[PDB]
Amino acid sequence: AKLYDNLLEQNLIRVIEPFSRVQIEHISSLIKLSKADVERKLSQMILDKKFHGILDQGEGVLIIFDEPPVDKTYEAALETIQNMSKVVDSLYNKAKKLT
Amino acid sequence: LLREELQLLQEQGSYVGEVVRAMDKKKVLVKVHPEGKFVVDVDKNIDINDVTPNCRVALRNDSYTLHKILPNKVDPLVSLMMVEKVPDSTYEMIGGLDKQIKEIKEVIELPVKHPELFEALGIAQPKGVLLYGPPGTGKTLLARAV
Amino acid sequence: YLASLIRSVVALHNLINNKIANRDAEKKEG
Amino acid sequence: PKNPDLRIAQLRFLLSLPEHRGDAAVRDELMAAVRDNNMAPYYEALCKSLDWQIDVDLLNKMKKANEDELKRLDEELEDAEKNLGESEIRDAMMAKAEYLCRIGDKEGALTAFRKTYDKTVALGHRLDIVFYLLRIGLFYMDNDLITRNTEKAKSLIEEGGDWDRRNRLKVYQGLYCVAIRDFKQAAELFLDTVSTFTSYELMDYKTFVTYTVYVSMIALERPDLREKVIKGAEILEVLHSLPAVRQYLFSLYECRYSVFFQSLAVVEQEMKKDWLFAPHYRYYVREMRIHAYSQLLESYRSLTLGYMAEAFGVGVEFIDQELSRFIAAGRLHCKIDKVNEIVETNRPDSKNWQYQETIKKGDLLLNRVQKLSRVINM
Amino acid sequence: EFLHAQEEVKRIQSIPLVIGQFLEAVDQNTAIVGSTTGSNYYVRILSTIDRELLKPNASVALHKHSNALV
Amino acid sequence: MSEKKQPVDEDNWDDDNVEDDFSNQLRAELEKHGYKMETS
Amino acid sequence: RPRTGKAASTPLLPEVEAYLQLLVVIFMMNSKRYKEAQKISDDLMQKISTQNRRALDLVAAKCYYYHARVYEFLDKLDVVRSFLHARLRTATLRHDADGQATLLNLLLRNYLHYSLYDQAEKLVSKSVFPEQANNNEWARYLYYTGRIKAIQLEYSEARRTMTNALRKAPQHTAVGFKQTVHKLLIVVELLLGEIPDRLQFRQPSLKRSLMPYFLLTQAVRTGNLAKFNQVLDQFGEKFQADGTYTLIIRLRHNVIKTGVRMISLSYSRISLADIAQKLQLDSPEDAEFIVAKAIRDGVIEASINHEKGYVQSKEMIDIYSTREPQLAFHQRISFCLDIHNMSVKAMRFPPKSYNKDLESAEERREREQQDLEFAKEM
Amino acid sequence: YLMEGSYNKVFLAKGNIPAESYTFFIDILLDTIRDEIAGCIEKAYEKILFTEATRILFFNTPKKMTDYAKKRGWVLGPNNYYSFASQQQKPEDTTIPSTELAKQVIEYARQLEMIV
Ligand SMILES: Nc1ncnc2c1ncn2[C@@H]1O[C@H](COP(=O)(O)OP(=O)(O)O)[C@@H](O)[C@H]1O
């Protein structure tokens with residue numbers, strides 16, 4: 001059962017891979033499964049963020065898109081800020097008290 | 001200052017010595033690590049009471065003029081004592097030996113904090129403690145603890 | 001921006017290291 | 001004794017701030033107050049209370065009983081010093097100075113504590129004294145004095161393992177991180193929930209369970225909810241004693257959005273009435289709403305707005321005014337259409353939103369070194 | 001002008017280099033080492049040495065005659 | 001020093017931002033949702 | 001006159017310190033006449049290099065305030081106008097310090113209270129810089145020129161000189177003027193549209209005199225129209241107690257631009273037959289025109305289907321590669337380099353008592369050549 | 001009311017004077033808004049027929065709409081106002097930041113190594 005979840009999702013990442021968009025009626029046919037549990041299960045993929053994308057309610061187009069965003073540049077310069085703020089707080093303790 | 005380092009670093013090395021003790025007329029007795037004892041002088045910038053027995057020194061090498069006091073080396077008890085590495089202890093790790101604590105306080109604690117308290121009774125202070133029992137029973141940690 | 005952001009604070013710390021070298025030298029020496 | 005001493009402060013909160021609810025609290029709090037030698041902490045609580053005109057003899061019998069405990073310290077210090085033990089004076093009031101701390105105020109409880117701090121060469125007394133200073137540093141909410149002995153506390157656990165002095169300690173730091181709105185740290189200090197014990201201050205371990213789930217449901221994401229709080233046997237069985245919180249947690253996890261708000265009013269109102277959550281329950285559910293909106297709304301792109309009433313939570317114009325202030329609040333990354341009656345989503349790449357906090361902190365430190373550079377050198 | 005003097009001083013660290021071992025310093029930038037000849041000395045040091053590279057029990061370099069840190 | 005001519009005469013701040021946003025909005029939810037149950 | 005101006009002031013103070021306006025205005029007045037005879041001997045007779053002028057610009061300046069607190073509001077100030085133009089005329093010729101400073105805020109303080117032309121005269125004035133005016137007149141001076149462009153239409157020019165006037169102000173009490181720069185400093189940024197939390201430092205300033213004025217910006221942070229009127233009737237007189245009310249009256253523009261940025265950001269395809277009702281505008285027929293000029297003046301971009309009624313708005317993301325935040329940098333790159341430069345320029349005064357760079361010695365050099373001569377012969 | 005998008009209300013005050021004539025001032029004011037509405041023909045609009053923007057000022061059908069429709073665009077057509085909403089030419093310029101920014105980088109280098 002739990003192995004069937006990982007096998008279900010192993011197929012579910014397999015067939016979803018080569019495209020950007022599809023209708024749910026073809027992937028239901030291509031995994032040979034329903035559309036409601038597949039729609040909810042794809043929703044759980046984009047709730048648990050293991051797969052990311054978007055879904056549609058009018059016809060069920062799954063828009064798939066990915067890029068790895070720049071992350072290292074801004075936050076690692078941002079925690080240096082809150083280091084140095086505390087450093088200036090220590091500058092009270094040798095500057096404001098002293099002279 | 002920086003150009004001066006090219007010149008002053010041409011000066012030769014400084015010996016290190018070891019004061020036994022001083023004698024008359026501004027002189028001391030100093031022995032090297034593996035090299036014999038010398039009766040040498042002091043410089044003007046060194047006081048005789050500031051010269052301690054059992055203390056290292058800086059020494060110039062050409063005339064063996066006393067240069068500078070080498071800080072301190074070790075106690076002869078801290079050295080060997082550490083070599084032993086007894087497991088230091090406290091009251092807070094004592095498991096249920098409370099009356100033994102109260103006995104040993106009476107023998108040891110009282111003739112330190114209250115030596116007069118035995119002059120209050122006109123009796124001599126105790127000197128010796130015998131501790132016995134099976135091993136593994138807290139002898140070492142209590143003895144270190146006190 | 002980060003490099004210039006540090007550098008000012010460093011030199012400020014250095015000036016505090018100067019005002020300790022001023023205020024507790026004027027009364028001591030004269 | 002400081003072990004029942006937090007419920008006293010919580011019932012001070014229960015006395016004053018619910019204004020209509022001011023009768024049984026001035027009953028049971030007096031019921032604890034004019035016994036167990038309590039004299040000092042309730043004069044202004046009597047001012048907020050009624051008259052209670054004849055309290056004179058009630059204070060006199062208890063300052064008298066307090067005078068007995070002080071005069072027997074005065075009976076103790078001199079036989080303690082004639083034959084000296086481990087400074088038996090400070091060994092007496094190293095334990096009865098906490099009686100001076102509950103019964104006396106923080107001064108006789110503080111000094112004597114910093115006094116006896118220099119007595120015991122081992123931290124087995126010292127760090128528990130520090131725990132007492134932490135607990136009074138909570139009672140008087142001494143938010144700077146807790147900063148000292150938290151570090152002075154932590155400085156002692158490195159020698160030893162002292163997991164009764166660290167896992168107990170993390171309960172204190174979790175209560176401070178949930179005192180302030182620091183919830184990713186509050187659940188992080190609340191991470192274990194096993195070595196945490198059936199405490200004195202959360203005498204229900206399950207109250208501690210409710211607190212760590214309420215902070216964790218904001219603090220961690222799904223990849224952590226769908227492994228961590230859903231697979232803990234230590235967490236599942238204790239809320240198996242809970243119907244509501246079990247439903248309240250699972251209504252988000254099982255996508256049960258309509259019954260979610262139903263329990264949200266109850267849990268949020270309980271958090272309203274609760275002490276120490278009363279500063280921040282608004283901050284709680286304003287995040288819970290936009291979290292539940294964002295969670296469903298990052299699944300669909302072309303979901304209409306008249307979908308979410310019958311399925312998500314009722315009131316179409318209520319959804320309208322609630323979403324409009326969240327997109328208009330600058331979060332809830334989407335874009336709502338109106339007169340074709342459809343909600344669209346978008347995606348912000350992490351290049352603008354990540355930039356925003358950078359310029360915020362840069363402006364803040366700019367203000368900081370601006371202000372200091374004006375302050376020093378005249 | 002100063003940068004002429006700056007790299008100029010390092011001629012002493014030419015090549016006829018004997019080996020000591022660092023022991024401690026009295027103060028800033030003047031120290032005591034233990035030579036591989038067995039004897040110990042009160043020596044001076046090159047200024048460009050990062051002093052925070054010193055003391056696991058530091059393998060240091062001594063001038064063969066003037067007997068200072070290299 | 002400080003002559004200062006007179007022409008006229010945490011605990012607070014996290015509480016102040018939630019005071020800013022959480023300002024004048026219904027104040028008393030135990031009944032608003034329980035009355036939207038049947039009306040909405 | 002260092003003796004006779006100090007021995008003028010030293011009795012010119014304690015009369016007028018408590019003020020004693022009962023049979024003390026003529027004694028004060030005649031004592032000011034005697035000090036004015038000393039002041040005319042200062043204006044005429046050998047002020048060169050003695051601090052006759054400079055030392056008594058402090059005495060003259062400080063006696064301008066008691067002079068200005070008996071001899072301004074009770075007496076005629078407009079004579080002290082031309083006396084002050086003459087005092088400025090003899091200033092800046094013989095000496096450029098201490099007369100370039102006080103004679104301009106002391107010129108400003110009733111012209112601001114008036115509506116005389118001398119704001120543009122203060123534009124074309126040379127003495128706008130008095131060159132390091134002692135951080136008290138200098139500090140308040142930037143405020144005194146801040147309210148100039150307040151009444152002459154802040155275009156975000158002087159909110160930095162209000163901020164700068166604030167950060168150069170001392171630690172004494174806020175009730176002096178620091179209330180009014182704390183109020184007026186943002187009053188001009190409410191004119192822009194930006195607003196922080198003001199009440200964040202509740203010392204002796206953020207509890208007393210805010211509640212109408214924070215209650216004002218409480219309405220401004222809403223997108224409501226007549227809520228502004230619900231403030232403006234409630235404390236129309238309180239804002240007239242200071243005299244800011246003519247700047248208060250013009251905020252309906254920024255309220256409605258706040259609203260149109262709010263809605264235009266919030267909704268996307270929204271009818272104009274909704275926004276008049278939601279903004280309680282009571283007329284959609286000119287809500288074509290407020291929206292239309294909201295397009296015209298900049299603010300919002302996209303189109304109105306004026307035939308249909310929906311106002312569409314496009315999704316404009318990726319403002320990063322739009323080269324605005326490079327400018328948000330370069331404003332602060334240059335300035336942060338400058339404050340490092342000032343942390344250099346303020347730093348190098350210390351460098352002193354560097355008496356002698358002694359190379360090695362002389363006599364030990366003679367011993368080095370001596371023992372060197374022994375080893376050289378050896 | 002001339003601050004915000006209040007048009008119609010201003011044209012209501014044009015005629016609703018209680019004080020006196022004010023006529024020479026509301027005729028300068030009758031013009032300085034004439035070129036302003038002539039400004040806001042030029043906003044991103046759809047086809048407007050010869051009724052809507054014909055009656056936004058105060059005219060039924062004179063050749064004053066030929067004066068504006070030949071003054072600016074939104075050209076007189078088959079009940080039509082033409083939208084030349086192009087706004088296309090100005091973007092995609094690297095060279096002006098490559099001039100100004102290359103000035104500013106040397107400006108960075110001035111107070112960076114060389115003493116000030
Ligand atoms: N009362 C006690 N409390 C805690 N540990 C004890 C106690 N008694 C013995 N031990 C353990 O036994 C060892 C000490 O042995 P001890 O009795 O002190 O010396 P010996 O075994 O040589 O007589 C320690 O490692 C200690 O932890």
# chains A, B, ... in the order shown; residues from 1 in each chain; ligands from 1
$ residues_near_ligand --ligand "ligand 1" --cutoff "9 Å" --atoms "only C-alpha atoms and all ligand atoms" --output "PDB file with N, CA and C atoms, in the first residue's frame"
ATOM      1  N   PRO B  87      40.898  12.408  39.652  1.00  0.00           N
ATOM      2  CA  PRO B  87      39.562  12.849  39.242  1.00  0.00           C
ATOM      3  C   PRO B  87      38.913  13.755  40.275  1.00  0.00           C
ATOM      4  N   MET B  93      28.255  15.232  43.882  1.00  0.00           N
ATOM      5  CA  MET B  93      28.300  13.916  43.271  1.00  0.00           C
ATOM      6  C   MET B  93      28.395  12.821  44.321  1.00  0.00           C
ATOM      7  N   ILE B  94      28.164  13.172  45.574  1.00  0.00           N
ATOM      8  CA  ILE B  94      28.229  12.220  46.672  1.00  0.00           C
ATOM      9  C   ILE B  94      26.924  11.450  46.707  1.00  0.00           C
ATOM     10  N   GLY B  95      27.004  10.127  46.642  1.00  0.00           N
ATOM     11  CA  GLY B  95      25.791   9.356  46.795  1.00  0.00           C
ATOM     12  C   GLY B  95      25.585   8.796  48.187  1.00  0.00           C
ATOM     13  N   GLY B  96      24.813   9.501  49.015  1.00  0.00           N
ATOM     14  CA  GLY B  96      24.338   9.005  50.296  1.00  0.00           C
ATOM     15  C   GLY B  96      25.387   8.631  51.321  1.00  0.00           C
ATOM     16  N   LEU B  97      26.328   9.527  51.590  1.00  0.00           N
ATOM     17  CA  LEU B  97      27.408   9.263  52.537  1.00  0.00           C
ATOM     18  C   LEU B  97      27.473  10.361  53.575  1.00  0.00           C
ATOM     19  N   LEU B 131      40.600   5.734  56.454  1.00  0.00           N
ATOM     20  CA  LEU B 131      39.378   5.458  55.725  1.00  0.00           C
ATOM     21  C   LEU B 131      39.388   4.039  55.184  1.00  0.00           C
ATOM     22  N   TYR B 132      38.296   3.320  55.424  1.00  0.00           N
ATOM     23  CA  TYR B 132      38.320   1.917  55.060  1.00  0.00           C
ATOM     24  C   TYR B 132      36.952   1.449  54.610  1.00  0.00           C
ATOM     25  N   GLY B 133      36.934   0.223  54.102  1.00  0.00           N
ATOM     26  CA  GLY B 133      35.781  -0.347  53.462  1.00  0.00           C
ATOM     27  C   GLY B 133      36.218  -1.050  52.197  1.00  0.00           C
ATOM     28  N   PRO B 134      35.268  -1.615  51.466  1.00  0.00           N
ATOM     29  CA  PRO B 134      35.570  -2.188  50.156  1.00  0.00           C
ATOM     30  C   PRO B 134      35.948  -1.105  49.165  1.00  0.00           C
ATOM     31  N   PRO B 135      36.626  -1.460  48.078  1.00  0.00           N
ATOM     32  CA  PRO B 135      36.904  -0.472  47.033  1.00  0.00           C
ATOM     33  C   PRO B 135      35.653  -0.120  46.254  1.00  0.00           C
ATOM     34  N   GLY B 136      35.769   0.917  45.431  1.00  0.00           N
ATOM     35  CA  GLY B 136      34.630   1.397  44.681  1.00  0.00           C
ATOM     36  C   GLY B 136      33.587   2.071  45.531  1.00  0.00           C
ATOM     37  N   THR B 137      33.969   2.559  46.711  1.00  0.00           N
ATOM     38  CA  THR B 137      33.030   3.079  47.693  1.00  0.00           C
ATOM     39  C   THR B 137      33.307   4.531  48.054  1.00  0.00           C
ATOM     40  N   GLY B 138      33.881   5.300  47.140  1.00  0.00           N
ATOM     41  CA  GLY B 138      33.851   6.739  47.289  1.00  0.00           C
ATOM     42  C   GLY B 138      34.996   7.348  48.060  1.00  0.00           C
ATOM     43  N   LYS B 139      36.007   6.522  48.332  1.00  0.00           N
ATOM     44  CA  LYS B 139      37.143   6.950  49.137  1.00  0.00           C
ATOM     45  C   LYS B 139      37.900   8.076  48.458  1.00  0.00           C
ATOM     46  N   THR B 140      38.183   7.896  47.175  1.00  0.00           N
ATOM     47  CA  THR B 140      38.998   8.843  46.443  1.00  0.00           C
ATOM     48  C   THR B 140      38.270  10.162  46.254  1.00  0.00           C
ATOM     49  N   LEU B 141      37.007  10.093  45.838  1.00  0.00           N
ATOM     50  CA  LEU B 141      36.250  11.298  45.542  1.00  0.00           C
ATOM     51  C   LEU B 141      35.911  12.074  46.800  1.00  0.00           C
ATOM     52  N   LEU B 142      35.745  11.382  47.921  1.00  0.00           N
ATOM     53  CA  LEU B 142      35.539  12.119  49.151  1.00  0.00           C
ATOM     54  C   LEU B 142      36.819  12.807  49.578  1.00  0.00           C
ATOM     55  N   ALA B 143      37.943  12.087  49.492  1.00  0.00           N
ATOM     56  CA  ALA B 143      39.223  12.639  49.919  1.00  0.00           C
ATOM     57  C   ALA B 143      39.639  13.837  49.077  1.00  0.00           C
ATOM     58  N   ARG B 144      39.455  13.750  47.764  1.00  0.00           N
ATOM     59  CA  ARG B 144      39.705  14.884  46.889  1.00  0.00           C
ATOM     60  C   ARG B 144      38.700  15.993  47.137  1.00  0.00           C
TER      61      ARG B 144
END
$ closest_atom_pairs --of "chain E" --to "chain B" --cutoff "7 Å" --atoms "only C-alpha atoms" --output "Markdown table"
| residue | atom | partner | partner_atom | distance |
| --- | --- | --- | --- | --- |
| E:5 | CA | B:3 | CA | 5.8 |
| E:9 | CA | B:6 | CA | 5.2 |
| E:40 | CA | B:16 | CA | 6.5 |
| E:41 | CA | B:15 | CA | 5.3 |
| E:42 | CA | B:14 | CA | 4.9 |
| E:43 | CA | B:13 | CA | 5.9 |
| E:65 | CA | B:12 | CA | 6.3 |
| E:66 | CA | B:12 | CA | 3.7 |
| E:67 | CA | B:13 | CA | 4.8 |
| E:68 | CA | B:13 | CA | 6.5 |
$ write_last_selection --atoms "N, CA and C atoms" --output "compact mmCIF listing (two decimals), in the first residue's frame"
# COMPACT_ATOMS: atom_id res chain seq x y z
N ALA E 5 61.25 49.52 1.01
CA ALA E 5 61.71 48.90 2.24
C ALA E 5 60.90 47.68 2.61
N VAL E 9 63.20 43.52 3.48
CA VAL E 9 63.73 42.94 4.70
C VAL E 9 63.88 41.42 4.60
N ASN E 40 67.30 26.54 24.06
CA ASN E 40 66.17 27.43 23.88
C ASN E 40 66.66 28.87 23.86
N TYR E 41 65.88 29.74 23.23
CA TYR E 41 66.36 31.10 23.02
C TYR E 41 65.25 32.12 23.10
N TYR E 42 65.66 33.33 23.42
CA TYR E 42 64.82 34.52 23.38
C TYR E 42 65.15 35.25 22.09
N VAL E 43 64.20 35.25 21.17
CA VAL E 43 64.44 35.62 19.79
C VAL E 43 63.47 36.72 19.39
N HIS E 65 72.68 32.29 12.36
CA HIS E 65 73.64 33.03 13.15
C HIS E 65 72.97 34.01 14.10
N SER E 66 72.19 34.94 13.56
CA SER E 66 71.49 35.93 14.36
C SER E 66 70.39 35.31 15.18
N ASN E 67 69.94 34.11 14.80
CA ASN E 67 69.13 33.23 15.63
C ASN E 67 67.81 33.89 16.02
N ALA E 68 67.01 34.15 15.00
CA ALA E 68 65.70 34.75 15.22
C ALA E 68 64.71 34.10 14.27
$ closest_atom_pairs --of "chain G" --to "chain H" --cutoff "7 Å" --atoms "only C-alpha atoms" --output "CSV"
residue,atom,partner,partner_atom,distance
G:253,CA,H:4,CA,5.8
G:286,CA,H:8,CA,6.6
G:289,CA,H:5,CA,5.2
G:290,CA,H:5,CA,3.7
G:293,CA,H:5,CA,5.4
G:303,CA,H:44,CA,5.6
G:304,CA,H:45,CA,6.6
G:305,CA,H:46,CA,6.6
$ write_last_selection --atoms "N, CA and C atoms" --output "PDB file, in the first residue's frame"
ATOM      1  N   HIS G 253      -6.348  63.834  -1.484  1.00  0.00           N
ATOM      2  CA  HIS G 253      -5.663  63.391  -2.684  1.00  0.00           C
ATOM      3  C   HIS G 253      -4.831  62.142  -2.437  1.00  0.00           C
ATOM      4  N   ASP G 286     -17.796  60.587 -12.489  1.00  0.00           N
ATOM      5  CA  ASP G 286     -16.461  61.145 -12.406  1.00  0.00           C
ATOM      6  C   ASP G 286     -15.456  60.137 -11.883  1.00  0.00           C
ATOM      7  N   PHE G 289     -13.049  59.724 -14.060  1.00  0.00           N
ATOM      8  CA  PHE G 289     -12.123  60.842 -14.225  1.00  0.00           C
ATOM      9  C   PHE G 289     -11.060  60.883 -13.143  1.00  0.00           C
ATOM     10  N   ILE G 290     -11.401  60.453 -11.928  1.00  0.00           N
ATOM     11  CA  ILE G 290     -10.383  60.211 -10.916  1.00  0.00           C
ATOM     12  C   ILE G 290      -9.477  59.068 -11.348  1.00  0.00           C
ATOM     13  N   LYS G 293      -7.378  60.515 -14.418  1.00  0.00           N
ATOM     14  CA  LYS G 293      -6.200  61.228 -13.949  1.00  0.00           C
ATOM     15  C   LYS G 293      -5.267  60.367 -13.124  1.00  0.00           C
ATOM     16  N   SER G 303      -5.743  50.112 -19.079  1.00  0.00           N
ATOM     17  CA  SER G 303      -6.830  50.811 -19.734  1.00  0.00           C
ATOM     18  C   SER G 303      -8.151  50.606 -19.014  1.00  0.00           C
ATOM     19  N   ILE G 304      -9.058  51.526 -19.299  1.00  0.00           N
ATOM     20  CA  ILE G 304     -10.449  51.426 -18.913  1.00  0.00           C
ATOM     21  C   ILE G 304     -11.209  51.134 -20.189  1.00  0.00           C
ATOM     22  N   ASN G 305     -12.010  50.079 -20.186  1.00  0.00           N
ATOM     23  CA  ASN G 305     -13.030  49.962 -21.220  1.00  0.00           C
ATOM     24  C   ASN G 305     -14.152  50.887 -20.776  1.00  0.00           C
TER      25      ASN G 305
END
$ atom_distance --atom1 "atom CA of residue D:290" --atom2 "atom CA of residue D:324"
11.4 Å
$ residues_around --residues "residue F:2" --least-positions-apart "4" --cutoff "9 Å" --atoms "only C-alpha atoms" --output "ChimeraX atom specification"
/G:170-172
$ write_last_selection --atoms "N, CA, C and O atoms" --output "short mmCIF file (atom, residue, chain, number, x, y, z; two decimals), in the first residue's frame"
data_model
loop_
_atom_site.label_atom_id
_atom_site.label_comp_id
_atom_site.auth_asym_id
_atom_site.auth_seq_id
_atom_site.Cartn_x
_atom_site.Cartn_y
_atom_site.Cartn_z
N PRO G 170 19.19 66.62 20.56
CA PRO G 170 19.70 65.95 21.77
C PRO G 170 18.68 65.20 22.63
O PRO G 170 17.52 65.00 22.28
N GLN G 171 19.18 64.79 23.79
CA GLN G 171 18.62 63.76 24.65
C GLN G 171 17.75 64.37 25.76
O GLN G 171 17.43 63.71 26.76
N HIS G 172 17.31 65.62 25.59
CA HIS G 172 16.77 66.34 26.74
C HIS G 172 15.33 65.96 27.07
O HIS G 172 15.09 65.41 28.16
#
$ select_by_dssp --residues "stretch 60-131 of chain D" --states "helix (DSSP H, G or I)" --output "ChimeraX atom specification"
/D:60-73,77-82,88-96,99-102,106-116,123-131
$ write_last_selection --atoms "C-alpha atoms" --output "PDB file, in the first residue's frame"
ATOM      1  CA  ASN D  60      -0.473  40.911  60.147  1.00  0.00           C
ATOM      2  CA  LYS D  61      -0.729  37.171  60.793  1.00  0.00           C
ATOM      3  CA  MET D  62       1.283  36.525  57.608  1.00  0.00           C
ATOM      4  CA  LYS D  63       3.948  39.183  58.061  1.00  0.00           C
ATOM      5  CA  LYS D  64       4.086  37.662  61.524  1.00  0.00           C
ATOM      6  CA  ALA D  65       4.518  34.143  60.144  1.00  0.00           C
ATOM      7  CA  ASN D  66       7.014  35.649  57.716  1.00  0.00           C
ATOM      8  CA  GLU D  67       8.720  37.213  60.717  1.00  0.00           C
ATOM      9  CA  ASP D  68       8.943  33.741  62.231  1.00  0.00           C
ATOM     10  CA  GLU D  69      10.762  32.396  59.209  1.00  0.00           C
ATOM     11  CA  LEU D  70      13.062  35.421  59.147  1.00  0.00           C
ATOM     12  CA  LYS D  71      13.761  35.272  62.885  1.00  0.00           C
ATOM     13  CA  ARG D  72      14.613  31.592  62.622  1.00  0.00           C
ATOM     14  CA  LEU D  73      17.103  32.474  59.915  1.00  0.00           C
ATOM     15  CA  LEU D  77      23.007  32.026  61.001  1.00  0.00           C
ATOM     16  CA  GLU D  78      24.895  32.002  64.304  1.00  0.00           C
ATOM     17  CA  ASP D  79      24.952  28.271  65.034  1.00  0.00           C
ATOM     18  CA  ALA D  80      25.723  27.913  61.341  1.00  0.00           C
ATOM     19  CA  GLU D  81      28.851  30.072  61.658  1.00  0.00           C
ATOM     20  CA  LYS D  82      30.179  28.965  65.059  1.00  0.00           C
ATOM     21  CA  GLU D  88      25.692  26.825  56.527  1.00  0.00           C
ATOM     22  CA  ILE D  89      24.130  30.318  56.645  1.00  0.00           C
ATOM     23  CA  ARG D  90      23.977  30.514  52.848  1.00  0.00           C
ATOM     24  CA  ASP D  91      23.186  26.827  52.928  1.00  0.00           C
ATOM     25  CA  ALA D  92      20.073  27.674  54.929  1.00  0.00           C
ATOM     26  CA  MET D  93      18.964  30.669  52.902  1.00  0.00           C
ATOM     27  CA  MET D  94      20.219  29.097  49.721  1.00  0.00           C
ATOM     28  CA  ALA D  95      16.993  27.106  50.087  1.00  0.00           C
ATOM     29  CA  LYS D  96      14.937  29.546  52.157  1.00  0.00           C
ATOM     30  CA  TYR D  99      10.964  31.349  50.274  1.00  0.00           C
ATOM     31  CA  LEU D 100      12.252  34.909  50.330  1.00  0.00           C
ATOM     32  CA  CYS D 101      11.651  34.889  46.553  1.00  0.00           C
ATOM     33  CA  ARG D 102       8.079  33.700  46.474  1.00  0.00           C
ATOM     34  CA  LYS D 106      13.020  39.890  44.012  1.00  0.00           C
ATOM     35  CA  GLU D 107      15.580  41.742  46.120  1.00  0.00           C
ATOM     36  CA  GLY D 108      16.003  39.352  49.048  1.00  0.00           C
ATOM     37  CA  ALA D 109      15.484  36.624  46.463  1.00  0.00           C
ATOM     38  CA  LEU D 110      18.060  38.047  44.049  1.00  0.00           C
ATOM     39  CA  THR D 111      20.949  39.095  46.305  1.00  0.00           C
ATOM     40  CA  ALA D 112      20.836  35.936  48.398  1.00  0.00           C
ATOM     41  CA  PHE D 113      20.861  34.089  45.091  1.00  0.00           C
ATOM     42  CA  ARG D 114      23.873  35.950  43.726  1.00  0.00           C
ATOM     43  CA  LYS D 115      25.229  35.659  47.264  1.00  0.00           C
ATOM     44  CA  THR D 116      24.872  31.839  47.333  1.00  0.00           C
ATOM     45  CA  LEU D 123      26.809  23.917  39.123  1.00  0.00           C
ATOM     46  CA  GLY D 124      24.380  21.402  40.623  1.00  0.00           C
ATOM     47  CA  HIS D 125      23.158  24.186  42.847  1.00  0.00           C
ATOM     48  CA  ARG D 126      24.277  27.116  40.705  1.00  0.00           C
ATOM     49  CA  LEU D 127      22.355  26.274  37.547  1.00  0.00           C
ATOM     50  CA  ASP D 128      19.177  25.596  39.508  1.00  0.00           C
ATOM     51  CA  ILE D 129      19.553  28.975  41.191  1.00  0.00           C
ATOM     52  CA  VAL D 130      19.864  30.274  37.636  1.00  0.00           C
ATOM     53  CA  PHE D 131      16.659  28.403  36.781  1.00  0.00           C
TER      54      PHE D 131
END
